[PDB]
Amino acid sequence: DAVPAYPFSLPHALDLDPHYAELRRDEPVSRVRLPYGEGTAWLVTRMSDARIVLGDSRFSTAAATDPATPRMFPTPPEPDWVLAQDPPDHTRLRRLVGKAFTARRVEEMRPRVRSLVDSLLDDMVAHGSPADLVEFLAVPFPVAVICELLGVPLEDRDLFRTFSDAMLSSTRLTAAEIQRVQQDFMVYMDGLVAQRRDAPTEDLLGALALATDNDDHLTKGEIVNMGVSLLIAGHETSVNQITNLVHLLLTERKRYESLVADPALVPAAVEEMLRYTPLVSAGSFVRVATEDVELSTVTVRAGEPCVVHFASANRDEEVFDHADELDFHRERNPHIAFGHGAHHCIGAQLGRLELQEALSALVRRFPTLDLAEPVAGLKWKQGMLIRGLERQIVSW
C-alpha cells in the first residue's frame, strides 16, 4: 500500500543497497512489506536493535509459522523447523547435536579438513591454470566435510545440492515447487535416519536415530528436519562464502597480497570478511513480539513482526570504525554474521575452520592467484536467500 517493498532492489554482487546507511542514520527501525505472507514488518538495521530482536524471549520465531506472517521466502514456516522453535523447546532440540559443533570438537577436525583441502588443491594443479575454483574447491570441500560429519553418502551430492538450492529459493521457485522439494528431502532424510535402526553409526545421523527411538520430548519431525537443516547449512553457507571471500580478496588484490605476506592474519581476515559480506542477501527469519518491546526509536507492539538485515547491523558506525572499509587489523570485531541469541549459528565454529583452511591453503600455495574472468561477467546466483558465485575462474 504505502510502505516500501523489501528487498529494496535486486542485489548487485556483495554490495549493500545505499538505503541501509540512510536508515541506520535517520530511521533505524522502519515499516516494509516483505514478498510473502500478509501485512507489514519492522526492518531492524542497527546492531543494538538486532541484538534485542535476536536475543529476547519476547520475540518468538514459533509465532512466524502463521502463514499470514510476513516472510522472505515463498513457503510458510512449519512448527518442526529448527528456526521456528522458541526456548526452552529449542534448547532441547539443539542439545540433540550441539556436542558435535563445540569449538573443541571442531578444532579436533582441523587435520582431516587440511588434508581434504590439500588433496582438492592438488586436483586443481593437475588440471592446470586457468581453473574454476567453484568446481575444484568451493563445492567439493564443504560437501565432503558435511558428508563425513553427518554420515551422508558422498554419491548423493547432486541429489541433496538440488534439494538444498530449491529450499533456499527467494524468487527463483514458486511455493508449490519448494513445498514438493521439502517433502522429498524430509522423506530422503527420514530414510537415511531409518537405515540406523538395527545398524547404529558413529556420526550425527546415528545420534539422530537414537533420539528417534529413546527421546520422549522430541517429535520425529523435529529430529528429521534437524538433519535436513544441518545438511543444507553445512554445505550452502561455506560453498558460497569461499567464493565470496575470494571475490573480495582478488577484486582489491592488495587484500590477497596482505595475506600472501602474513598468512597468520587469515583468521582475523575471515572474521573481517564475515562482517563485511551479505551472505544472507536480505532480511532474516522473522521474529514476532509476544509482548511490547522497546527498541532504540520505537516500541514494537505484541503481534508486530520484525526482520533483521545481518549485513546492515555489521556496518553500524556506532560499533565499528570505518565500518564501510575492509580492515584485517581491527582490535575488536563483535559482528553478528552468525546471528545472536537462541538461534546463534550451530555451525559457527565449523564455518570458521573451513574458511580458515581453504583461505590459508590458497594464500600459502598460490601467491600469484588471480581472477581469470571479467568482473562484469561474474555469474552471481539470482533468486536465492543467500549470495555466492556459480563459477569463479582463477589463474596461477
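All residue numbers refer to positions in the sequence shown, first residue = 1.
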- [ ] Can you let me know which of the two, 323-331 or 38-46, has the higher average C-alpha B-factor in the entry?
- [x] 323-331
- [ ] Tell me which of 51-59 and 367-375 has the higher mean C-alpha B-factor in the deposited entry.
- [x] 367-375
Task: Most elevated Cα B-factor in the entry, residues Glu236, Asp198, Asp86, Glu271 - done: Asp198
Task: Largest Cα B-factor, entry values, listed residues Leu265, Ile146, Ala282, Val307 - done: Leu265
Open item on the list: Using the temperature factors of the C-alpha atoms in this entry, rank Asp213 within its chain: lowest, middle or highest third.
Closed with: highest
Task: CA B-factor ranking of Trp396, expressed as a third of its chain - done: highest
TODO: Within this chain's modelled residues, let me know which third the CA B factor of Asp158 belongs to: lowest, middle or highest.
DONE: middle
TODO: Just say lowest, middle or highest third for the CA B-factor of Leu355 relative to the other modelled residues in its chain.
DONE: middle
Task: Position of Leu192 among the chain's modelled residues by C-alpha B-factor, lowest, middle or highest third - done: middle
